[PDB]
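Enquirer: Read top to bottom, the protein sequences are chains C, A and B.
In this text, residue positions in the first sequence follow PDB author numbering: the first is 37, and each later residue adds one.
In this text, residue positions in the second sequence follow PDB author numbering: the first is 37, and each later residue adds one.
In this text, residue positions in the third sequence follow PDB author numbering: the first is 37, and each later residue adds one.
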Amino acid sequence: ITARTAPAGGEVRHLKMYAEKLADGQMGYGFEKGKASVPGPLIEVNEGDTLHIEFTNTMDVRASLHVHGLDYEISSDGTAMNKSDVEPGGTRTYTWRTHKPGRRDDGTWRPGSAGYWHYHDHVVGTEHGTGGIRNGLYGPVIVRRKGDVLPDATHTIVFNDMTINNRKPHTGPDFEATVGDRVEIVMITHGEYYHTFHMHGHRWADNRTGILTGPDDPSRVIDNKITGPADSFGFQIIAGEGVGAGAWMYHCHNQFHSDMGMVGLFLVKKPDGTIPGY
Amino acid sequence: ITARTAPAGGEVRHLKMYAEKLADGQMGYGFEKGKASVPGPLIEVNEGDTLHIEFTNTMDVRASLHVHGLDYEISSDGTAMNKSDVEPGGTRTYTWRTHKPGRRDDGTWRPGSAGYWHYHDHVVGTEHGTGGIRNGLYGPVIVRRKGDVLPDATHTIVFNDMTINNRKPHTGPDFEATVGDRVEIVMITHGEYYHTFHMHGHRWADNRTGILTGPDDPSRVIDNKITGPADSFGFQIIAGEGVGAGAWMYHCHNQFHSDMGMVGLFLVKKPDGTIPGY
Amino acid sequence: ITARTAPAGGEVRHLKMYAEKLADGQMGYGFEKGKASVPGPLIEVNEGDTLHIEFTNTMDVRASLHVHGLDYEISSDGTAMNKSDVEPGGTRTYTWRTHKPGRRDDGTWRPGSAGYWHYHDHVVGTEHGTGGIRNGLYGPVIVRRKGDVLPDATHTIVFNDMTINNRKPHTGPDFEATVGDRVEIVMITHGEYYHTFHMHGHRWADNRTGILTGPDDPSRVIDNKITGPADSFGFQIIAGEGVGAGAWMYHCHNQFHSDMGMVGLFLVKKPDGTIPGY
Ligand SMILES: [Cu+2]
Ligand SMILES: [Cu+2]
Ligand SMILES: [Cu+2]
Ligand SMILES: [Cu+2]
Ligand SMILES: [Cu+2]
Ligand SMILES: [Cu+2]
Ligand SMILES: [Cu+2]
Ligand SMILES: [Cu+2]
Ligand SMILES: [Cu+2]
Ligand SMILES: [Cu+2]
Ligand SMILES: [Cu+2]
Ligand SMILES: [Cu+2]
Ligand SMILES: [O-]
Ligand SMILES: [O-]
Ligand SMILES: [O-]
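Written out as structure tokens, the structure is:
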């Protein structure tokens with residue numbers, strides 16, 4: 037494999053994070069005051085790393101940080117039940133851990149933390165975060181196994197109720213690549229609706245990484261993926277492979293949802309910077 | 037592997053079962069008169085066993101027994117069409133069979149019966165059992181393969197329309213374990229809604245057993261699983277592994293269903309019997 | 037394997053296809069004027085084949101051909117955006133390509149095209165084909181890998197909104213087989229609803245082919261599959277294997293949908309041509 041690959045983990049990492057009310061009524065996470073985004077920033081770590089997140093709630097209401105997939109003690113589960121949220125103006129240090137897979141004392145096989153995960157609020161509006169999630173308090177988390185193939189770029193597409201990344205209908209987002217780039221999609225669903233994520237001109241493997249290990253990998257190959265509230269998956273594709281440059285649609289294939297605006301463009305450019313037909 | 041494992045099957049087994057109207061209007065199965073439950077009792081067998089169920093309908097309406105996954109002849113399919121239901125006060129012997137996997141005459145591979153299955157009524161209210169299922173006429177079936185790892189306890193969680201196990205909203209059920217136990221969950225969905233099953237602090241393999249065979253198993257690891265009417269899956273987790281004791285929520289992650297009461301607690305205790313915070 | 041298997045592909049193939057308004061208001065595809073069907077005709081090819089489709093729109097509105105899974109250039113994506121629909125009475129030649137899996141320059145493994153795919157309209161009624169799809173402009177596409185087991189017959193079941201193959205409620209379709217036949221189902225969902233496809237008496241592997249490769253295939257075995265708009269899977273079963281002849285129901289297991297008509301019969305006959313009870 038002459039492609040870049042993930043190294044072995046085991047670092048202790050530190051991170052400051054804020055929750056911020058945005059001028060338009062939304063709420064968003066950020067690594068710096070004044071730089072919050074919806075989706076929130078991407079967190080990426082290696083199996084076996086530990087992450088300490090000093091989280092500050094700059095909002096006028098209680099807020100929290102709850103994560104999927106990774107190891108965390110009950111003091112870091114981000115629920116009010118377990119006294120794990122943060123009052124207005126407060127600050128709390130959450131700890132997430134990850135581990136490599138391996139053999140248990142009893143001979144069984146313990147799975148590792150690697151995968152396409154996510155984090156979101158758990159106490160704004162209700163004790164399940166219905167208000168925070170709706171306002172934009174969600175973001176992606178990636179845990180890499182040693183040897184995993186690394187991309188040229190990562191993009192995050194979140195189906196939040198009937199919007200993509202909390203955008204107005206029929207406003208994308210759109211992404212650009214050049215034929216040949218190795219592009220990574222992290223795909224997360226939130227809210228109360230069910231969807232199917234479809235991408236013209238490309239396909240991926242329905243397994244942890246989106247890639248086949250080789251001629252023996254039994255994972256099915258798909259271009260349409262059903263998803264419900266709090267599902268998360270990811271894949272990599274070679275932009276334009278076998279199909280060439282173009283304005284390639286991605287959307288929810290639910291005919292009502294795409295009619296209502298859940299559509300965007302994956303713009304794959306020729307080497308001269310152009311898109312066939314434009 | 038020094039954990040307990042399932043033995044090879046091939047026994048002929050016998051069982052008495054009743055359907056019973058409950059005093060509150062619900063309907064349930066049981067192995068003894070006066071001891072019906074919702075969910076009905078768990079039936080567990082080994083690939084290759086045969087099960088003869090003498091089923092007695094003690095209700096004032098027709099009722100039946102329909103099973104997923106296992107081999108049954110058309111006389112045991114539990115539909116009114118094939119004249120397989122049971123008149124009020126009547127009795128009928130259903131036969132379910134299971135087989136091991138193996139090579140067919142043509143060289144192809146016949147799959148075995150092992151899996152997490154379920155049984156439910158097919159004629160109460162409509163000819164698809166909409167009334168019986170609504171009332172509580174459903175229960176889990178587990179078929180084990182030789183060598184499967186055996187748990188310390190098994191619990192059944194059924195999303196029935198917008199309830200868990202037909203309970204009133206926000207009334208559990210809750211389960212208890214001690215840090216370290218091998219806990220097995222059978223997860224079944226019924227009715228007319230779609231859900232996603234999420235469990236704080238734990239994860240599992242999205243394959244038949246919920247466990248990885250080893251370093252070569254391509255199965256993805258998840259903590260959130262989409263499910264629709266009559267889907268059934270199962271898994272095992274080590275209670276508290278890598279995360280410790282605590283009151284860990286499980287729920288449907290659909291924000292509307294969560295807010296409406298589809299929540300419960302998986303209470304993992306320290307050895308002294310306590311739960312951090314209580 | 038002394039069953040029939042797919043050969044290696046690589047042919048260039050040609051096809052004439054029409055879109056046609058039906059006397060009852062529906063629309064459908066066909067290989068011959070006067071012979072359109074809903075679902076449209078099955079297209080089947082071998083990994084590595086190329087397919088040239090001369091498509092003629094005989095209707096009084098724009099129509100197109102969009103396909104899942106296969107390789108196509110942006111000129112053949114069937115969207116109005118990319119100027120690849122067909123005006124009334126017009127003709128256009130779409131090109132679909134497929135490739136075998138294999139090792140990329142960087143050492144990664146490129147997936148092949150094989151699978152259970154489908155084609156449908158993209159511009160009738162809306163720019164996502166909501167009108168064409170609802171009217172009947174959809175059909176199945178099968179791409180075989182060298183070595184794949186071949187069936188005795190293939191049937192196409194499409195859950196389109198709350199109909200099967202656009203039929204009136206409780207009107208099938210029904211299919212007939214004889215105990216022992218190798219039967220292949222192609223299962224496609226369209227519209228705005230979610231379903232679960234269930235088949236009495238039979239089960240299949242939840243992977244690309246529906247079949248297990250042998251003792252090491254980790255794929256789970258199911259008889260109930262959740263599906264949303266534009267999902268497509270397929271499988272093979274041995275009619276009556278281990279369960280015998282009979283009138284076996286298949287349906288959507290959503291209790292509302294089957295009460296409302298989404299039911300058909302898979303009639304498995306004894307060698308004398310009869311069905312237990314009829
Ligand atoms: Cu939660
Ligand atoms: Cu959608
Ligand atoms: Cu498409
Ligand atoms: Cu969550
Ligand atoms: Cu049924
Ligand atoms: Cu739910
Ligand atoms: Cu969680
Ligand atoms: Cu059922
Ligand atoms: Cu499209
Ligand atoms: Cu349905
Ligand atoms: Cu059934
Ligand atoms: Cu499509
Ligand atoms: O599409
Ligand atoms: O959650
Ligand atoms: O059923």
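Beta carbons are placed, not taken as given, at the ideal position from N, Cα and C, and that holds for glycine.
Which residues in chain C have a C-beta closer than 7 Å to the C-beta of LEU248 of chain A? List them in chain order.
Expert: Here the question's residue 248 of chain A lines up with position 212 in the second sequence. The contacting residues are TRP145 and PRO147.
Enquirer: Tell me the rounded alpha-carbon separation between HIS154 of chain A and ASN82 of chain A.
Expert: Here residue 154 of chain A corresponds to residue number 118 of the second sequence, with the count starting at 1. Here residue 82 of chain A corresponds to residue number 46 of the second sequence, with the count starting at 1. The alpha-carbon atoms of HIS154 of chain A and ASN82 of chain A are separated by roughly 15 Å.
Enquirer: Would you say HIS226 of chain B touches ligand 3, meaning its beta carbon is less than 7 Å from a heavy atom?
Expert: As a first step, residue 226 of chain B is located in the third sequence; it is residue number 190 there, counting from the start. It does not: the Cβ of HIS226 of chain B is nowhere closer than 7 Å to a heavy atom of ligand 3.
Enquirer: Please say whether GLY168 of chain C and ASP157 of chain C have beta carbons closer to each other than 8 Å?
Expert: Counted from its first residue, the first sequence places residue 157 of chain C at position 121. Counted from its first residue, the first sequence places residue 168 of chain C at position 132. A contact, by the Cβ cut-off of 8 Å.
Enquirer: Under the criterion of a Cβ to heavy atom distance below 7 Å, does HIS158 of chain C qualify as lining ligand 14?
Expert: The count along the first sequence starts at 1 and reaches residue 158 of chain C at position 122. Yes, the beta carbon of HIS158 of chain C sits closer than 7 Å to at least one heavy atom of ligand 14.
Enquirer: At least one CB of chain A closer than 8 Å to the CB of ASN243 of chain C: is that the case?
Expert: Taking the first residue of the first sequence as position 1, residue 243 of chain C is located at position 207. Yes, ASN243 of chain C lies at the interface with chain A (some Cβ there is under 8 Å from its Cβ).
Enquirer: Hey, would you say the C-beta of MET285 of chain C is under 7 Å away from at least one heavy atom of ligand 9?
Expert: By 1-based counting over the first sequence, the position of residue 285 of chain C is 249. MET285 of chain C Cβ: within cutoff of ligand 9.
Enquirer: From which residue to which residue does the beta strand (DSSP E) around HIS287 of chain C run?
Expert: Taking the first residue of the first sequence as 1, we reach residue 287 of chain C at position 251. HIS287 of chain C -> beta strand (DSSP E) spans 282 to 288.
Enquirer: If we count the other Cβ atoms within 10 Å of its Cβ and call it buried at 16 or more, is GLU90 of chain B buried or exposed?
Expert: As a position in the third sequence, residue 90 of chain B is number 54, starting the count at 1. Flag for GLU90 of chain B reads exposed.
Enquirer: Just the C-alpha distance for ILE224 of chain A and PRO265 of chain A, rounded to the nearest angstrom, thanks.
Expert: For the purposes of this step, residue 224 of chain A is identified with residue 188 of the second sequence, where counting begins at 1. For the purposes of this step, residue 265 of chain A is identified with residue 229 of the second sequence, where counting begins at 1. When rounded, the distance between both Cα atoms is 8 Å.
Enquirer: Where does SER73 of chain A fall in DSSP's three states?
Expert: Here residue 73 of chain A refers to the residue found at position 37 of the second sequence. Strand.
Enquirer: With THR214 of chain C and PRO307 of chain C assumed to form a contact (beta carbons below 8 Å), what rounded beta-carbon distance in angstroms separates them?
Expert: Here residue 214 of chain C is taken as the residue at index 178 of the first sequence, counted from 1. Here residue 307 of chain C is taken as the residue at index 271 of the first sequence, counted from 1. That pair is a contact at about 7 Å.
Enquirer: Can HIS293 of chain C be considered in contact with ligand 15, in the sense that its beta carbon sits closer than 7 Å to one or more heavy atoms?
Expert: Taking the first residue of the first sequence as 1, we reach residue 293 of chain C at position 257. Every heavy atom of ligand 15 is 7 Å or more from the Cβ of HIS293 of chain C, so no.
Enquirer: Mind pulling the beta strand (DSSP E) runs of 3 or more residues that sit fully within the region 214 to 295 of chain B?
Expert: Entirely contained in the region 214 to 295 of chain B, the beta strand (DSSP E) runs reaching 3 residues are, in chain order, 218 to 226, 231 to 235, 260 to 263, 268 to 274 and 282 to 288.
Enquirer: Can you tell me where the beta strand (DSSP E) with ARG180 of chain A in it begins and where it stops?
Expert: Stepping through the second sequence from its first residue, residue 180 of chain A is reached at position 144. Here the beta strand (DSSP E) through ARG180 of chain A covers 174 to 180.
Enquirer: The region 101 to 118 of chain B: which residues have C-beta closer than 7 Å to a C-beta of chain C, in chain order?
Expert: Against chain C - using a Cβ distance shorter than 7 Å - the residues of the region 101 to 118 of chain B are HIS104, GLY105, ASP107, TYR108, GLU109, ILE110, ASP113, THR115, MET117 and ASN118.
Enquirer: Does at least one heavy atom of ligand 8 sit under 7 Å from the Cβ of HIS289 of chain B?
Expert: For this step, residue 289 of chain B is matched to residue 253 along the third sequence. For ligand 8, at least one heavy atom lies less than 7 Å from the Cβ of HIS289 of chain B.
Enquirer: I'd like the span of the alpha helix (DSSP H) that includes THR166 of chain B, first residue to last.
Expert: Translated into positions along the third sequence, residue 166 of chain B becomes position 130. Start and end: 166 to 171.
Enquirer: From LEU173 of chain A to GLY125 of chain A, what does the alpha carbon distance come to, in whole angstroms?
Expert: Residue mapping note: residue 173 of chain A aligns to position 137 of the second sequence, counting from 1. Residue mapping note: residue 125 of chain A aligns to position 89 of the second sequence, counting from 1. Rounded to whole angstroms, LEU173 of chain A to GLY125 of chain A spans 17 Å at the Cα level.
Enquirer: Can you pull the chain A residues whose beta carbon is under 7 Å from the beta carbon of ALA266 of chain C, in chain order?
Expert: Here residue 266 of chain C corresponds to residue number 230 of the first sequence, with the count starting at 1. In chain order: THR232, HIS234, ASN260 and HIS289.
Enquirer: Should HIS191 of chain C be listed as close to ligand 8, given that the test is whether its C-beta is under 7 Å from any heavy atom?
Expert: The residue given as residue 191 of chain C occupies position 155 in the first sequence. Flag unset: Cβ of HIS191 of chain C not near ligand 8.
Enquirer: Compute the Euclidean distance between the alpha carbons of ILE273 of chain C and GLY237 of chain C, then round it to the nearest angstrom.
Expert: Position 237 of the first sequence, counted from the first residue, corresponds to residue 273 of chain C. Position 201 of the first sequence, counted from the first residue, corresponds to residue 237 of chain C. Between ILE273 of chain C and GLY237 of chain C, the C-alpha separation is close to 10 Å.
Enquirer: Based on Cα-Cα distance, which residue from C:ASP295, C:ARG133 and C:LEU78 lies nearest to residue 324 of chain C?
Expert: Nothing about residue 324 of chain C can be read from this structure; chain C reaches only from 37 to 314.
Enquirer: Inspect the beta-carbon positions of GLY105 of chain A and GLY151 of chain A and report whether they are closer than 8 Å.
Expert: In the second sequence, the residue the question calls residue 105 of chain A occupies position 69. In the second sequence, the residue the question calls residue 151 of chain A occupies position 115. Yes, these two residues count as a Cβ contact at 8 Å.
Enquirer: Run through the DSSP bridge pairs and tell me what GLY138 of chain C is partnered with.
Expert: Start at 1 with the first residue of the first sequence, and residue 138 of chain C comes out as number 102. According to DSSP, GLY138 of chain C bridges with C:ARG146.
Enquirer: Can you find a CB in chain B that lies within less than 8 Å of the CB of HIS164 of chain A?
Expert: Taking the first residue of the second sequence as 1, we reach residue 164 of chain A at position 128. So yes, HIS164 of chain A belongs to the interface.
Enquirer: Nearest by alpha-carbon distance to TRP240 of chain B: which of A:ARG40, A:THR92, A:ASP60 and A:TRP145 is it?
Expert: Taking the third sequence and counting its residues from 1, the one referred to as residue 240 of chain B is at position 204. The shortest C-alpha separation from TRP240 of chain B is found at A:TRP145.
Enquirer: Would you say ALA44 of chain C and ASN93 of chain C are within 8 Å of each other, going by their C-beta atoms?
Expert: In the first sequence, residue 44 of chain C corresponds to position 8, counting from 1. In the first sequence, residue 93 of chain C corresponds to position 57, counting from 1. No; because the gap between Cβ atoms is not below 8 Å, this pair is not in contact.
Enquirer: Could you pull out every residue in the same chain whose Cβ sits closer than 7 Å to the Cβ of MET285 of chain C, ignoring the five residues on either side in sequence?
Expert: If you number the first sequence from 1, residue 285 of chain C lands on position 249. The residues are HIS236, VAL299 and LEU301.
Enquirer: For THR41 of chain C and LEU248 of chain C, which I take to be in contact (beta-carbon distance under 8 Å), what is that distance rounded to the nearest angstrom?
Expert: Locating residue 41 of chain C in the first sequence gives position 5, counting from the first residue. Locating residue 248 of chain C in the first sequence gives position 212, counting from the first residue. With 8 Å as the limit, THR41 of chain C and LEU248 of chain C do not qualify as a contact, their Cβ atoms being about 16 Å apart.
Enquirer: Would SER73 of chain B pass as an interface residue toward chain C - the criterion being a Cβ-Cβ separation below 8 Å?
Expert: Position 37 of the third sequence, counting from 1, holds the residue named residue 73 of chain B. Judged by the 8 Å Cβ criterion, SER73 of chain B is not in contact with chain C.
Enquirer: Consult DSSP for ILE79 of chain B and reduce its assignment to one of helix, strand or coil.
Expert: Reading the third sequence from its first residue, position 43 is the one you call residue 79 of chain B. Strand.
Enquirer: Using the rule of at least 16 other Cβ atoms within 10 Å of the residue's Cβ for burial, across every protein chain shown, is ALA39 of chain C buried or exposed?
Expert: Within the first sequence, numbered from 1, the residue matching residue 39 of chain C stands at position 3. With fewer than 16 Cβ atoms within 10 Å of its Cβ, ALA39 of chain C is classed as exposed.
Enquirer: So what's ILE37 of chain C in DSSP terms, helix, strand or just coil?
Expert: Locating residue 37 of chain C in the first sequence gives position 1, counting from the first residue. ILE37 of chain C falls in the coil class under three-state DSSP.
Enquirer: Would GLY76 of chain A and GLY64 of chain A qualify as a contact pair, given that the criterion is a beta-carbon distance under 8 Å?
Expert: Counting from 1 along the second sequence, the entry for residue 76 of chain A is found at position 40. Counting from 1 along the second sequence, the entry for residue 64 of chain A is found at position 28. Yes; because the gap between Cβ atoms is below 8 Å, this pair is in contact.
Enquirer: Taking 7 Å as the line, does the beta carbon of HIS234 of chain A fall inside it for any heavy atom of ligand 4?
Expert: Position 198 of the second sequence, counted from the start, is the residue given in the question as residue 234 of chain A. True, at least one ligand heavy atom lies under 7 Å from that Cβ.
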